[PDB]
Amino acid sequence: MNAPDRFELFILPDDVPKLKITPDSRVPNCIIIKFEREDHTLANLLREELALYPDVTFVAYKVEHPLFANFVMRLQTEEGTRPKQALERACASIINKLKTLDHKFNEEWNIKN
Amino acid sequence: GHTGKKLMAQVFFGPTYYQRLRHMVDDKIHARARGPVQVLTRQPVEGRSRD
Amino acid sequence: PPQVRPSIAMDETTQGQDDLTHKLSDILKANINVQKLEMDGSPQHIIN
RNA sequence: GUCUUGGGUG
């Protein structure tokens, strides 16, 4: 009678953006990103990918409430780099790593036959 | 579960027999803005079932 | 007034008076019975 | 819609 729908976890409404970027003015060259309809799966992956770049100085995420399906991520970079650019770079790098992983798994499965 | 990292402490783990008691929240949640009153005192009536 | 002693509804068609109403009716019966003794025979063990 | 009785909860 107060239970929300089990598909509001992942189905993005039309009035809710998938992604929203605001800058943190306290420290230089930092941005706050809210990811809607996502959870720890994307957040931790992105966080541990970004934490290993030389040009990324701060990166973190939190899920403020478990009953709401979003997370917010703080990411700072050095003077030349833009945190947004580091975010596309991390996404592309993880995509390539998964592609190589898929190719090798398929080859291994074929060899096992 | 969030990170796959090991927990620094170990967890006491195993089956235990639990019971489903008759007290459910949906049988208890009650709100009233305005509703029926008593005939004599004209004060709100008594009872979740009676609003 | 009847506000102090309102009636109630049992099953959609039934009403019983409040206790005070039946008590007042009993008082009225007693009063009229008193007015039926100083008007005729009353051998002193009915007036009291 | 009322009064008593009984079984309970924090």
# chains A, B, ... in the order shown; residues from 1 in each chain; ligands from 1
>>> residues_around(residues="residue 9 (chain D)", least_positions_apart="4", cutoff="12 Å", atoms="only C-alpha atoms (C1' of nucleotides)", output="PyMOL selection string")
chain B and resi 21-24+28
>>> interface_residues(of="chain A", to="chain B", cutoff="8 Å", atoms="only C-alpha atoms", output="ChimeraX atom specification")
/A:1,40-41,44
>>> closest_atom_pairs(of="chain B", to="chain C", cutoff="12 Å", atoms="only C-alpha atoms", output="JSON lines")
{"residue": "B:38", "atom": "CA", "partner": "C:8", "partner_atom": "CA", "distance": 10.5}
{"residue": "B:39", "atom": "CA", "partner": "C:6", "partner_atom": "CA", "distance": 7.2}
{"residue": "B:40", "atom": "CA", "partner": "C:6", "partner_atom": "CA", "distance": 6.5}
{"residue": "B:41", "atom": "CA", "partner": "C:4", "partner_atom": "CA", "distance": 9.0}
{"residue": "B:42", "atom": "CA", "partner": "C:3", "partner_atom": "CA", "distance": 10.4}
>>> write_last_selection(atoms="N, CA, C and O atoms", output="short mmCIF file (atom, residue, chain, number, x, y, z; two decimals), in the first residue's frame")
data_model
loop_
_atom_site.label_atom_id
_atom_site.label_comp_id
_atom_site.auth_asym_id
_atom_site.auth_seq_id
_atom_site.Cartn_x
_atom_site.Cartn_y
_atom_site.Cartn_z
N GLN B 38 -18.37 11.16 18.10
CA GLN B 38 -19.31 10.53 19.01
C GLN B 38 -20.58 11.37 19.14
O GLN B 38 -20.55 12.60 18.99
N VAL B 39 -21.69 10.70 19.38
CA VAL B 39 -22.97 11.40 19.52
C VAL B 39 -22.97 12.28 20.76
O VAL B 39 -23.35 13.46 20.71
N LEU B 40 -22.55 11.72 21.90
CA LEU B 40 -22.68 12.44 23.16
C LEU B 40 -21.67 13.57 23.28
O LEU B 40 -22.05 14.72 23.51
N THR B 41 -20.38 13.27 23.13
CA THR B 41 -19.35 14.27 23.37
C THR B 41 -18.94 15.05 22.12
O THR B 41 -18.30 16.10 22.26
N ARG B 42 -19.29 14.57 20.93
CA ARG B 42 -18.92 15.19 19.66
C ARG B 42 -17.41 15.20 19.44
O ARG B 42 -16.89 16.03 18.68
#
>>> residues_around(residues="residue 60 (chain A)", least_positions_apart="4", cutoff="12 Å", atoms="only C-alpha atoms (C1' of nucleotides)", output="PDB file with N, CA and C atoms, in the first residue's frame")
ATOM      1  N   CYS A  30      36.569  20.774 -10.148  1.00  0.00           N
ATOM      2  CA  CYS A  30      35.859  19.638  -9.577  1.00  0.00           C
ATOM      3  C   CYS A  30      34.387  19.720  -9.961  1.00  0.00           C
ATOM      4  N   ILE A  31      33.745  18.556 -10.088  1.00  0.00           N
ATOM      5  CA  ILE A  31      32.349  18.476 -10.503  1.00  0.00           C
ATOM      6  C   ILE A  31      31.634  17.390  -9.709  1.00  0.00           C
ATOM      7  N   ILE A  32      30.329  17.577  -9.529  1.00  0.00           N
ATOM      8  CA  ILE A  32      29.464  16.634  -8.830  1.00  0.00           C
ATOM      9  C   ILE A  32      28.466  16.076  -9.839  1.00  0.00           C
ATOM     10  N   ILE A  33      28.433  14.752  -9.983  1.00  0.00           N
ATOM     11  CA  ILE A  33      27.569  14.086 -10.951  1.00  0.00           C
ATOM     12  C   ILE A  33      26.570  13.230 -10.187  1.00  0.00           C
ATOM     13  N   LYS A  34      25.292  13.377 -10.507  1.00  0.00           N
ATOM     14  CA  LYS A  34      24.254  12.501  -9.983  1.00  0.00           C
ATOM     15  C   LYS A  34      23.800  11.562 -11.094  1.00  0.00           C
ATOM     16  N   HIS A  40      25.496   0.582  -7.164  1.00  0.00           N
ATOM     17  CA  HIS A  40      26.913   0.332  -6.917  1.00  0.00           C
ATOM     18  C   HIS A  40      27.625  -0.302  -8.104  1.00  0.00           C
ATOM     19  N   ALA A  43      28.884   2.520 -10.236  1.00  0.00           N
ATOM     20  CA  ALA A  43      29.600   3.487  -9.416  1.00  0.00           C
ATOM     21  C   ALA A  43      30.972   2.967  -9.004  1.00  0.00           C
ATOM     22  N   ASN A  44      31.031   1.750  -8.457  1.00  0.00           N
ATOM     23  CA  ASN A  44      32.310   1.223  -7.993  1.00  0.00           C
ATOM     24  C   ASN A  44      33.264   0.974  -9.152  1.00  0.00           C
ATOM     25  N   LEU A  45      32.741   0.444 -10.258  1.00  0.00           N
ATOM     26  CA  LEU A  45      33.542   0.253 -11.462  1.00  0.00           C
ATOM     27  C   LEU A  45      34.196   1.557 -11.901  1.00  0.00           C
ATOM     28  N   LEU A  46      33.385   2.610 -12.061  1.00  0.00           N
ATOM     29  CA  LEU A  46      33.922   3.898 -12.479  1.00  0.00           C
ATOM     30  C   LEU A  46      34.896   4.462 -11.452  1.00  0.00           C
ATOM     31  N   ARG A  47      34.586   4.315 -10.160  1.00  0.00           N
ATOM     32  CA  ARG A  47      35.428   4.896  -9.119  1.00  0.00           C
ATOM     33  C   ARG A  47      36.811   4.262  -9.111  1.00  0.00           C
ATOM     34  N   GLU A  48      36.875   2.928  -9.140  1.00  0.00           N
ATOM     35  CA  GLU A  48      38.178   2.278  -9.119  1.00  0.00           C
ATOM     36  C   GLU A  48      38.909   2.409 -10.443  1.00  0.00           C
ATOM     37  N   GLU A  49      38.197   2.659 -11.549  1.00  0.00           N
ATOM     38  CA  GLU A  49      38.897   2.983 -12.787  1.00  0.00           C
ATOM     39  C   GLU A  49      39.523   4.372 -12.725  1.00  0.00           C
ATOM     40  N   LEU A  50      38.760   5.359 -12.250  1.00  0.00           N
ATOM     41  CA  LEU A  50      39.234   6.739 -12.233  1.00  0.00           C
ATOM     42  C   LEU A  50      40.317   6.958 -11.185  1.00  0.00           C
ATOM     43  N   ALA A  51      40.278   6.207 -10.082  1.00  0.00           N
ATOM     44  CA  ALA A  51      41.245   6.395  -9.012  1.00  0.00           C
ATOM     45  C   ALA A  51      42.668   6.053  -9.435  1.00  0.00           C
ATOM     46  N   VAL A  56      43.843  12.364 -12.074  1.00  0.00           N
ATOM     47  CA  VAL A  56      42.676  12.424 -11.205  1.00  0.00           C
ATOM     48  C   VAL A  56      43.173  12.533  -9.773  1.00  0.00           C
ATOM     49  N   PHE A  71      23.011   7.378  -7.365  1.00  0.00           N
ATOM     50  CA  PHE A  71      24.211   7.690  -6.607  1.00  0.00           C
ATOM     51  C   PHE A  71      24.782   9.003  -7.111  1.00  0.00           C
ATOM     52  N   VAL A  72      25.596   9.626  -6.267  1.00  0.00           N
ATOM     53  CA  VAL A  72      26.250  10.887  -6.578  1.00  0.00           C
ATOM     54  C   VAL A  72      27.756  10.677  -6.494  1.00  0.00           C
ATOM     55  N   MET A  73      28.490  11.290  -7.420  1.00  0.00           N
ATOM     56  CA  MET A  73      29.925  11.069  -7.541  1.00  0.00           C
ATOM     57  C   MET A  73      30.656  12.403  -7.614  1.00  0.00           C
ATOM     58  N   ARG A  74      31.687  12.551  -6.787  1.00  0.00           N
ATOM     59  CA  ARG A  74      32.561  13.717  -6.791  1.00  0.00           C
ATOM     60  C   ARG A  74      33.873  13.352  -7.472  1.00  0.00           C
ATOM     61  N   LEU A  75      34.275  14.149  -8.462  1.00  0.00           N
ATOM     62  CA  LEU A  75      35.493  13.870  -9.213  1.00  0.00           C
ATOM     63  C   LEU A  75      36.242  15.169  -9.474  1.00  0.00           C
ATOM     64  N   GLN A  76      37.508  15.211  -9.067  1.00  0.00           N
ATOM     65  CA  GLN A  76      38.395  16.338  -9.320  1.00  0.00           C
ATOM     66  C   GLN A  76      39.579  15.888 -10.164  1.00  0.00           C
TER      67      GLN A  76
END
>>> residues_around(residues="residue 66 (chain A)", least_positions_apart="3", cutoff="12 Å", atoms="only C-alpha atoms (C1' of nucleotides)", output="list in words")
residues 9, 37, 38, 39, 40, 62, 63, 69, 70 and 71 of chain A; 2 of chain B
